[PDB]
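Contents: one structure, followed by commentary.
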Amino acid sequence: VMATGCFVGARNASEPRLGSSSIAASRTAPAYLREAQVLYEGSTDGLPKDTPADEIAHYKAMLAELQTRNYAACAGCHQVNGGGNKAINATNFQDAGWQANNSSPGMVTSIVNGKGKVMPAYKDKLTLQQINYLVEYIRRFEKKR
Amino acid sequence: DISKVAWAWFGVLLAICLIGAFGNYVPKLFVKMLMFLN
Amino acid sequence: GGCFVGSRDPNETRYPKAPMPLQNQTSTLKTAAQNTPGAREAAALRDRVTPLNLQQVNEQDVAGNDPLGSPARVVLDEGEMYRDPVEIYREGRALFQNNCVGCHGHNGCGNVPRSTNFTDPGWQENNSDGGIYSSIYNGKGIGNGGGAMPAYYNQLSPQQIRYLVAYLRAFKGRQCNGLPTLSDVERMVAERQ
Amino acid sequence: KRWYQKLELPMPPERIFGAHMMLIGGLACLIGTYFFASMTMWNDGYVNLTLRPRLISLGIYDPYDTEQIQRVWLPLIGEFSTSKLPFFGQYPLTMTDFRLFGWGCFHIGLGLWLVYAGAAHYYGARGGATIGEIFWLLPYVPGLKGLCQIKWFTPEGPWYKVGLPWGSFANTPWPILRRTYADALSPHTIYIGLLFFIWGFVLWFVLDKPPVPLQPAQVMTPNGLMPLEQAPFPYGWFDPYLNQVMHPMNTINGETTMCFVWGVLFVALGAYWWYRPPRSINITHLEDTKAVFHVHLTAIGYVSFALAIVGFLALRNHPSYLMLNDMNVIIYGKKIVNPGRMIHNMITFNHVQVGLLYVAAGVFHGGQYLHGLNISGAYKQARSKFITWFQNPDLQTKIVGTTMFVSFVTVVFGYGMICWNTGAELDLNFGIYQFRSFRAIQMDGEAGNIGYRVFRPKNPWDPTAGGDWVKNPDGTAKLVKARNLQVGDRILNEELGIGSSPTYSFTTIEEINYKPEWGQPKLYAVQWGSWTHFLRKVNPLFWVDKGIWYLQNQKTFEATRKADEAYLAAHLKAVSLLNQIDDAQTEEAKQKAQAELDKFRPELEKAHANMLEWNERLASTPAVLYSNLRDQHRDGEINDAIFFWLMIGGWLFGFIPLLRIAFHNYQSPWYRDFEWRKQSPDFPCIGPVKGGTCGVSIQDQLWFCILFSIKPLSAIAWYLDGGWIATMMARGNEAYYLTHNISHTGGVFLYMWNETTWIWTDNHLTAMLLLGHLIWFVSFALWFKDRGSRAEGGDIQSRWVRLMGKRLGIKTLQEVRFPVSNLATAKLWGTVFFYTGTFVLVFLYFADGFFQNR
Amino acid sequence: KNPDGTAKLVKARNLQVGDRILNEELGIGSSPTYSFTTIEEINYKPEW
Amino acid sequence: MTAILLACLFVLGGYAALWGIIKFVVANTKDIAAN
Amino acid sequence: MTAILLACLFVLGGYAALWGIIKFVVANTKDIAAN
Amino acid sequence: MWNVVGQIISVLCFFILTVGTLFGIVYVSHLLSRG
Ligand code: 2GO
Ligand code: CLA
Ligand SMILES: CC(C)CCCCCCCCCCCC(=O)OC[C@H](OC[C@H](C[N+](C)(C)C)C(=O)O)OC(=O)CCCCCCCCCCCC(C)C
Ligand SMILES: CNCCOP(=O)(O)O[C@H](COC(=O)CCCCCCCCCCCC(C)C)OC(=O)CCCCCCCCCCCC(C)C
Ligand SMILES: CNCCOP(=O)(O)O[C@H](COC(=O)CCCCCCCCCCCC(C)C)OC(=O)CCCCCCCCCCCC(C)C
Ligand SMILES: CNCCOP(=O)(O)O[C@H](COC(=O)CCCCCCCCCCCC(C)C)OC(=O)CCCCCCCCCCCC(C)C
Ligand SMILES: CC(C)CCCCCCCCCCCC(=O)OC[C@@H](OC(=O)CCCCCCCCCCCC(C)C)OP(=O)(O)OCCN
Ligand code: HEC
Ligand code: HEC
Ligand SMILES: [Ca+2]
């Protein structure tokens, strides 16, 4: 005997919405990416018309709070679909060469710290668990070649 | 077949141990005795 | 092992460069060859081949200790940065060969797992010069001293990171046989840096 | 067994003499070739690089020499058929190449002559010797037997073939000759005095570097004739790296004046001994060369150690090595970072190695002379105090046991402090304790206006405490500007952008408005956590260094202190004014506050300029003991304190087996209790009795000293080369090290990985890495309690192979017996392998270049 | 060469077996002990 | 010169220190044998 | 399944091959004592 | 001033616990093996 289980602690997650485990949500890809898309887009508008009433209004409250801390949404630098803006030098997430030459762990700190001149730091805006969700959503923008 | 001397050393090391634990886990899980919180 | 090293390449002169300044480049105190038979050919030859900013730099001159060396405040003037290919090549290949080959390969195509690969066009197109400075200065990934891509803010100067930034853009679209040459740097600079 | 035991002491004087003379001639020939390999047509390598700073300081290697030569001693000098100066007339030669060539040829001519003469004393000793026994693999050539049967060096012969006509030193009737080694101590040191004069005259008149105070007013440079004090380094006395005129005894002209100072002193001490030679009863047994061999070999080892210390400090920042950094040093195609310091570090660590090896060996040879006294029954009769002072076994156990204790305490302190601070730097939660890191946040200037959310406790001092986030009057979480942080505040780790400390959530402000004693001229809020920064002061050398240094720099130290104090007051008042602004509430009250910080801005600017410039001046003062890569003061560090404790404790750990050799070569307290006695100096054991007895002999104690000493020797290598020795995991780029202006390459383990990034850039260095790693672990095959297994299995192999030979018809296979190393020869070769494996890998750490910030 | 005397640049498509190219025209600094790469096989497509 | 003398003296004082320690132990445990 | 079967068959084949060698040696050196 | 004192107390405790634990390993080794 030893690991009587293993005392690793409780998992950090995002905000709780009543009646729907947030800890669980943070490991279930379809839940975490729904919250990543909300953060990414700055609205609840592109969310599946199947979204529940409680969900759609919890997201809005999340956004409204973030709007008071001058949070700037990811889309529209990077667009709703990726592959940003050459003008602004905003990264194109659809590109496979950009995707292969980034690890997901590495990507994290570039969102936390910001990246050179224009891409802003998000360490005081978002939690490290909300950055993890966004790294996962950006992964799904990849196209071939 | 332990000595008293050794038992007593063992009690003294049990104290340091628990004193340390109390400082590590008491402010965190109760929100009090805030001088040792991290 | 000893003595039977080769002949030295005639193109690598030993003719001496001026000494590294004692004064800090960030000082607020007071700021920042002859005609002898072959001395002019040797000076002209040292002016292309022997690097001037290879040595670790004074401790007050490192980018984290420089008032204008943070990613937010550094000056990336494209005219000064892509001015001289001799210079980008002279400096960035010495710095790169020393510091960066270990993890990014002798070809600069990636050695350590997940490491960058500077020949990749998709990676080139989606990075700014200022972006490249940030990741050298900060490192990439979570960890003490940067992550798996280590931080350089103690270690390198802002001027040393800028030679590195310009050199790294000579990797674009090259094959996986060693490092960019003098004419890779020059074709990179002609096609607008 | 005896193959390395062919030549054992005592020997007769003519044979020692003659072999030393022959070896001296041989070394002069090797140096002569090193002079040839220094010529400018070759690549840089490690051999020619370790001599170039010295040849620059001598004037023989000239860095600014460009012209090519075509006639210099006699009419045939560009290039010519069959070289004209054989194998060298292919390349362009300069004057430094010719100077090098000539000094090479001179060292090979003297060397060959000394080899011949040494042979005359060595073999004319024995009355002569025939050509085929001198050269010995000369009778194998056929049709040249007759040639190899002549007798050279005979006592009788015509002038070009004599050895010693009288047969021995003792028989030759030259009444100047001294007759005992103590009487010879006087001529040997007059002789060394004469050598010092030779060197001084060669430096003054051949190399043209006269002695202080007779140095020239003018000296020729590549830019013309200049005055000595403005002429740069190799030519004159101006140091162009540090921007100063050199002290006269920091030039080579200083070294030529010491040639005469030391030569006069040796001549006079030798003439004193001529008249009152050493005569003590405590010295008389030292005429036997077995006994003196101990004394001389251990002394020589100490001399090497002192060469390392003296050479390291004296030459760490000297222009001869820094000049290397200006040449364009390329080794196995690379380009080295700071070659100056790399070659300097190699030479001093070379000498430290030699130091250890000769102190350890000299003591072993000592234990051999004592063991023989015990075997022969004479130990008990010895009359010298240097033996009898240590004859008592109760005193020996107290000597050994108290140095074991002193070792225990210093090594527990050092290694325990290393472990503590590596725990601190890693933030490790042990359940019973959370280790915490150093973190800093700037409180002044523009940084001081960045806000954070703060959890602020109510009253730290009382338990049943509680805290709350700092809010606004309406109840929202207010952002606290770093300038306004207080002791006790907690800021979330995630918002400072810190991963890497997942077991806790907050960083705590422990000190505010902190200004490093030695570091950046900035103001911080700090978490000290568990990081022991006070431990730098737990070093006697911190205080001596900083005291001498304060006394020498006391006025600028005082003006710096006062400029800091004025800036702190001005920053504090700026923070008041900024706060009144931020807490205005009336567009009028805002506007008026803003007006008053505007008229106080100038003079905050001035206090900051004043402070910055005084701090820059103070940090440019000359070093005493602890220095920069320039030659400027640094304060002592945790690194320097740990090195200090580690030198005390780790050299005792290494040297305790030498004490055991000295006392217990024959009987130790374990042995005496069983009534045992060590019968030889090299037996491996006496078997399994009493639990096991491997490793008690003096040859084994010798091997243990060497392995144990690997540890202080690696601490020295890591320290020389720029590693952090005070923790295991330290990285160069982190907040503690940048705020305190510290440069390092590693952290014990972290250094191993970080330097190897540099090693990997060189294919020749990585091949050395692979091989040196193969050598070490094979030593484990020889050191483990395993030799019986190996002999039993080698017998199975022998049998099989002879079977195959019978079955197959192979006569040479049919009697094969594999040799298996017995126990003593295994411990010897295992130690040889363990030592050469490690120190070929340590060479690599020096040879990747030196990367500490300058 | 050219007829004009200056070094002809051979396009990679026309490399033949036997050809030597200078290591330093290819940027290789890791092999300082030999001077040229030899082409030993042209139009090679990896089986896999 | 100053740093050279300091280092040297610090090593020489390392040996001198130890001897003194050892001398104190020997004198103050005279008449206790260590068996 | 095919991969699992191939890998297991190769491990048992190494054992079987060793048995065959070690028995080609025994059978044809039966007149010679090993020693 | 007060951080320093606090840190000295943790370091003391660590030395008391690690050296203390090491000697207990020796004592325990001793009781098993023999007395
Ligand atoms: C790090 C990159 C690379 C990898 C691939 C690597 C791996 C490994 C492995 C493996 C399977 O992964 C092994 C098994 C291994 C083996 C070895 N390596 Zn190794 N190795 C590398 C590289 C190197 C290098 C360059 C070197 C070794 C050196 C050595 C040596 C180690 C020889 C030895 O026994 O050394 C004891 C000394 C050590 C560990 C150095 C201690 C430094 C420190 C600063 C001393 C001061 C502080 C201490 C806490 C002690 C205080 C108390 C005291 C003074 C009494 C052997 C061949 C070797 C060395 O450290 O020798 C002292 C050496 O120089 N190695 N090594
Ligand atoms: C380089 C690693 C090395 C090698 C090759 C060996 C070899 C061997 N050991 Mg030794 N051993 C080693 C390390 C190694 N050991 C270590 C680290 C220890 C301590 C734990 C030991 C402890 C030890 C014990 C106690 C015993 C052995 C035994 C054996 C033999 C096994 C019988 C056999 O099965 O033949 C099969 C042979 C092989 C599988 C080896 C083929 C050989 C190699 C790889 C070529 C070797 C290259 C060499 C390093 C290069 C230098 C050559 C130079 C000219 C280029 C075998 C010859 C047994 C023995 O029988 O003794 C005679 C035995 O009893 N080993
Ligand atoms: C240091 C180097 C520069 C090389 C040195 C020179 C030689 C190089 C080339 C290799 C030489 C190999 C010679 C091996 C040999 O013949 O060994 C024979 C020998 O002694 C037995 C008799 C002498 N009785 C015993 C009669 C007095 C003899 O032959 O002279 O041995 C040993 O006993 C030592 C072991 C030698 C190793 C040979 C093993 C070869 C492996 C074969 C295994 C498999 C079979 C089936 C082929
Ligand atoms: C990255 N650069 C780091 C060095 O920077 P920088 O230039 O600032 O500073 C000097 C230190 O460098 C030395 O100078 C080391 C030379 C090593 C060769 C020399 C290493 C040898 C050390 C000791 C040798 C012991 C032998 C003889 C037993 O930093 C010093 O203060 C060192 C002073 C050494 C004195 C310590 C005294 C301890 C007493 C030992 C007692 C031993 C015995 C009782 C058995
Ligand atoms: C098989 N005979 C027994 C092996 O005897 P041991 O067990 O004694 O141990 C060796 C010992 O080394 C030394 O005591 C140094 C001596 C030479 C000095 C060394 C001098 C250095 C040499 C390098 C110099 C040359 C270079 C520079 C060119 O070490 C090892 O443990 C390593 C394993 C070696 C592999 C052995 C070879 C295999 C042969 C068995 C065949 C079996 C079957 C086919 C049936
Ligand atoms: C017989 N019973 C009685 C006592 O026996 P006893 O222990 O004296 O005897 C021997 C021999 O003395 C040596 O020990 C020879 C090397 C000395 C100079 C050495 C002469 C040749 C080797 C070195 C020189 C080579 C170069 C210079 C050409 O028994 C052994 O040590 C047997 C082991 C060696 C067998 C080879 C094992 C592996 C070979 C080396 C490979 C290892 C490498 C990975 C490092
Ligand atoms: C590689 C190795 C093998 C070679 C070793 C090199 C030896 C070099 C010798 C080191 C020479 C140092 C002198 C230069 C110097 O000290 O400079 C000036 C120094 O003036 C002096 O005192 C002059 C008197 C010097 C008379 C001493 C002779 C030394 C004897 C050597 C014995 C060696 C043994 C036997 C191991 O200035 P300050 O300290 O006052 O100011 C601080 C400097 N910031
Ligand atoms: C105002 C523009 C802007 C906004 C808002 C913005 N970004 Fe960026 N971002 C940029 C620009 C410009 C870059 C290019 C960075 C550089 O210089 O290399 C970039 C770069 C990146 C990269 C690539 C980083 C890397 O390491 O290679 C990621 C991932 C990224 N942004 C994610 C985000 C996410 C997630 C958000 C919102 C949470 C976001 N960005 C918000 C403009 C923006
Ligand atoms: C310890 C190994 C290591 C060293 C040393 C190292 N790197 Fe890297 N590097 C990496 C890894 C791993 C990545 C991939 C990071 C990620 O995405 O996870 C990387 C990525 C980068 C990137 C891309 C960053 C970005 O955001 O896209 C740049 C630029 C970089 N390295 C440059 C350099 C330069 C210049 C040097 C020398 C100064 C250097 N590297 C040294 C390992 C290393
Ligand atoms: Ca190094």
Side-chain angles (χ1 to χ4, degrees), chain D residues 53-54 246-251 254-255 257-258 261-262 302-315 317-318 344 347-348 350-351 407 410-411 414-415 418-419 552 622-624 627 631 642-643 645-647 649-654 707-719 723-726 728 746-749 751-757 759-760 765 768-770 772-777 779 797-798 800-805 807-808 810-819 834-835 837-846 848, chain F residues 1-5 8:
Chain D
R54 159 108 277 209
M246 304 167 85
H247 192 284
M249 297 318 278
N250 197 47
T251 70
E255 174 173 329
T257 148
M258 298 310 296
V261 171
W262 299 119
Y302 276 124
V303 171
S304 203
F305 278 124
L307 262 353
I309 304 161
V310 176
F312 171 86
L313 289 157
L315 269 0
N317 309 289
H318 200 265
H344 176 63
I347 300 163
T348 133
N350 164 286
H351 286 130
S407 183
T410 54
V411 167
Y415 171 72
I418 296 162
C419 292
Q552 269 161 16
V624 182
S627 239
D631 175 64
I642 267 85
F643 193 71
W645 295 106
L646 258 19
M647 290 297 92
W651 283 118
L652 300 175
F653 181 72
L707 301 161
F708 294 162
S709 302
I710 291 183
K711 296 317 269 189
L713 265 346
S714 308
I716 297 168
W718 261 240
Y719 191 70
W724 185 257
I725 240 109
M728 317 289 179
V748 180
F749 284 58
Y751 172 94
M752 310 169 183
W753 171 92
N754 190 236
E755 299 279 348
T756 305
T757 122
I759 296 158
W760 287 150
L765 292 180
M768 299 177 65
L769 189 144
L770 271 12
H773 263 90
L774 171 67
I775 296 159
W776 188 75
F777 85 81
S779 105
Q797 289 165 169
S798 275
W800 190 91
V801 178
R802 297 195 294 276
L803 181 78
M804 294 318 277
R807 188 44 172 117
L808 252 43
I810 316 312
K811 311 247 46 197
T812 142
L813 253 33
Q814 301 183 182
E815 25 72 52
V816 166
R817 312 177 118 69
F818 290 106
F834 197 117
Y835 178 106
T838 131
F839 291 109
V840 340
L841 305 173
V842 174
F843 189 102
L844 310 180
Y845 285 135
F846 304 115
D848 57 35
Chain F
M1 223 63 211
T2 301
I4 295 169
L5 295 174
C8 281

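As the structure lists them, so they are numbered: ligands from 1, and atoms in each ligand from 1. Here is how names work: the chains are called A, B, and so on, in the same order as the sequence lines, proteins then strands, and each is numbered from 1. Note that these values count all heavy atoms, side chains included, but never hydrogens, waters or copies made by symmetry.
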| task | Over 60° means perpendicular and under 30° means parallel, so classify the ring planes of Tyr751(D) and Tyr845(D), tilted if in between. | result | tilted
| query | Would atom 2 (C) of ligand 3 count as contacted, meaning some protein heavy atom under 4.0 Å? | reply | no
| query | Donor-acceptor pair, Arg802(D) side chain versus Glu815(D) backbone, under 3.5 Å? | reply | no
| Distance below 4.0 Å between atom 36 (C) of ligand 3 and any protein heavy atom? | no
| field | Validation row, ring centre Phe843(D) to ring centre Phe839(D) under 6.0 Å | value | no
| query | Judging by distance only, is a nitrogen or oxygen of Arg817(D) under 3.5 angstrom from one on ligand 3? | reply | yes
| task | Step by step, work out the side chain to side chain contact (heavy atoms under 4.5 Å, CB included) result for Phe305(D) and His351(D). | result | CA-CA 6 Å; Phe305(D) 278 124; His351(D) 286 130; over 6 Å; no
| note | the protein heavy atom lying closest to atom 15 (C) of ligand 3 turns out to be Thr812(D) OG1, 3.9 Å
| said: Does the protein place a non-hydrogen atom closer than 4.0 angstrom to atom 46 (C) of ligand 3? | reply: yes
| message | Does any part of the side chain of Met249(D), heavy atoms only, come nearer than 4.5 Å to the side chain of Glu255(D), both counted from C-beta? | response | no
| Minimum-distance protein heavy atom relative to atom 5 (C) of ligand 7 | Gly311(D) CA, 4.0 Å
| request: Measure the spacing between NE2 of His773(D) and OG1 of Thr838(D) and express it to the nearest 0.5 Å. | output: 10.0 Å
| field | Distance in Å, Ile810(D) CD1 paired with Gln814(D) CD, rounded so as to fall on 0.5 Å steps | value | 7.5 Å
| request: Using a strict 4.0 Å cut-off to heavy atoms of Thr2(F), name the atoms of ligand 7 that fall inside it. | output: 39 (O)
| Which protein non-hydrogen atom lies closest to atom 4 (C) of ligand 7, naming both residue and atom, and how far is it? | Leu315(D) CD2, 4.5 Å
| field | Stepwise side chain to side chain contact (heavy atoms under 4.5 Å, CB included) check, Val801(D) with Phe818(D) | value | CA-CA 10 Å; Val801(D) 178; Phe818(D) 290 106; 3.9 Å; yes
| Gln797(D) and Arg817(D), any side-chain heavy atoms less than 4.5 Å apart | no
| field | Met804(D) neighbourhood, listing ligand 3 atoms whose heavy-atom distance to it stays under 4.0 Å | value | 46 (C)
| field | For atom 43 (C) of ligand 3, closest protein heavy-atom neighbour | value | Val801(D) CG2, 4.2 Å
| request: Give a yes or no on whether atom 10 (C) of ligand 3 lies under 4.0 Å from any heavy atom of the protein. | output: no
| task | Answer yes or no: does an N/O atom from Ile4(F) fall short of 3.5 Å to an N/O atom of ligand 7? | result | no
| said: Could you check whether atom 14 (C) of ligand 7 has a protein contact, counting only heavy atoms that fall below 4.0 angstrom? | reply: yes
| remark: In ligand 7, the atoms that come under 4.0 Å of a heavy atom of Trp262(D) are 30 (C)
| task | Using a distance threshold of 4.0 Å (strictly less than), state whether atom 25 (C) of ligand 3 has a protein heavy-atom neighbour. | result | yes
| request: Quick one: look up the protein heavy atom nearest atom 44 (C) of ligand 3 and list residue, atom name and how far away it is. | output: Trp800(D) CZ3, 4.5 Å
| query | Would you say atom 41 (C) of ligand 3 touches the protein, meaning some protein heavy atom is under 4.0 Å from it? | reply | no
| Per atom 12 (C) of ligand 7, closest listed option by heavy atom (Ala314(D), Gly254(D), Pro248(D)) | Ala314(D)
| Verify atom 21 (C) of ligand 3: protein non-hydrogen atom under 4.0 angstrom away | yes
| said: Test your reading of the structure: does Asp631(D) have an N or O sitting under 3.5 Å from an N or O of ligand 7? | reply: no
| message | Testing the basics here: between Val840(D) and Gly772(D), what is the closest heavy-atom pair and its distance to 0.1 Å? | response | CG2-CA, 3.7 Å
| note | Of all protein heavy atoms, the one nearest atom 9 (C) of ligand 7 is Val310(D) CG1, 4.2 Å
| note | Heavy-atom nearest pair, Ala314(D) first then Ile4(F), reads CB-CD1, 3.9 Å
| query | Does the protein put a heavy atom less than 4.0 Å from atom 41 (O) of ligand 7? | reply | no
| task | Go through the steps for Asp848(D) and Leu844(D) under the test side chain to side chain contact (heavy atoms under 4.5 Å, CB included), then give the verdict. | result | CA-CA 6 Å; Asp848(D) 57 35; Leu844(D) 310 180; over 6 Å; no
| task | Give a yes or no on whether atom 23 (C) of ligand 7 lies under 4.0 Å from any heavy atom of the protein. | result | yes
Enumerate, one pair per line, all nitrogen or oxygen atoms of ligand 1 lying under 3.5 Å from a protein nitrogen or oxygen, stating the separation to 0.1 Å; write 'none' if no such pair exists.
{"residue": "ligand 1", "atom": "18 (N)", "partner": "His773(D)", "partner atom": "NE2", "Å": "3.4"}
{"residue": "ligand 1", "atom": "20 (N)", "partner": "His773(D)", "partner atom": "NE2", "Å": "3.3"}
{"residue": "ligand 1", "atom": "64 (O)", "partner": "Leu841(D)", "partner atom": "O", "Å": "3.1"}
{"residue": "ligand 1", "atom": "64 (O)", "partner": "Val842(D)", "partner atom": "N", "Å": "3.2"}
{"residue": "ligand 1", "atom": "66 (N)", "partner": "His773(D)", "partner atom": "NE2", "Å": "3.2"}

| said: Can you tell me which portion of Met1(F) lies within the under-4.0 Å heavy-atom range of ligand 7? Options are side chain, backbone, both, or neither. | reply: both
| So do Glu755(D) and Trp718(D) actually touch side chain to side chain, heavy atoms under 4.5 Å? | no
| message | Looking at atom 32 (C) of ligand 7, tell me if a protein heavy atom falls under 4.0 Å from it. | response | no
| task | With heavy atoms of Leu307(D) as the reference, note each atom of ligand 7 found under 4.0 Å away. | result | 36 (C)
| Do the side chains of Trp760(D) and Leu769(D) get nearer than 4.5 Å, heavy atoms only? | yes
| query | Are any of the protein's heavy atoms under 4.0 angstrom from atom 29 (O) of ligand 3, yes or no? | reply | yes
| query | When you measure from atom 44 (N) of ligand 7 to every protein heavy atom, which one gives the shortest distance, and what is it? | reply | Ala623(D) O, 4.1 Å
| field | Min side-chain heavy-atom separation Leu646(D)-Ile418(D) under 4.5 Å | value | yes
| Distance in Å, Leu713(D) CG paired with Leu707(D) CG, rounded so as to fall on 0.5 Å steps | 11.5 Å
| Which bit of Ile810(D) gets closer than 4.0 Å to ligand 3, counting heavy atoms only: side chain, backbone, both or neither? | neither
| message | To the nearest 0.5 Å, what is the distance between CD1 on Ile716(D) and CE on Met647(D)? | response | 4.5 Å
| How long is the span from the OG atom in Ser798(D) to the CG atom in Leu803(D), to the nearest 0.5 Å? | 12.5 Å
| said: For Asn754(D) versus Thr757(D), what's the shortest heavy-atom pair and its separation? | reply: O-CG2, 2.8 Å
| query | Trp651(D) versus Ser407(D): any side-chain heavy-atom pair under 4.5 Å? | reply | no
| query | At what distance is the nearest protein heavy atom to atom 27 (C) of ligand 3, and which residue and atom is it? | reply | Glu815(D) OE1, 3.8 Å
| message | Can you tell me how the ring of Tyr719(D) sits relative to the ring of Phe643(D), calling it parallel under 30°, perpendicular over 60° and tilted otherwise? | response | parallel
| query | Protein heavy atom under 4.0 angstrom of atom 2 (C) of ligand 7, is there one? | reply | no
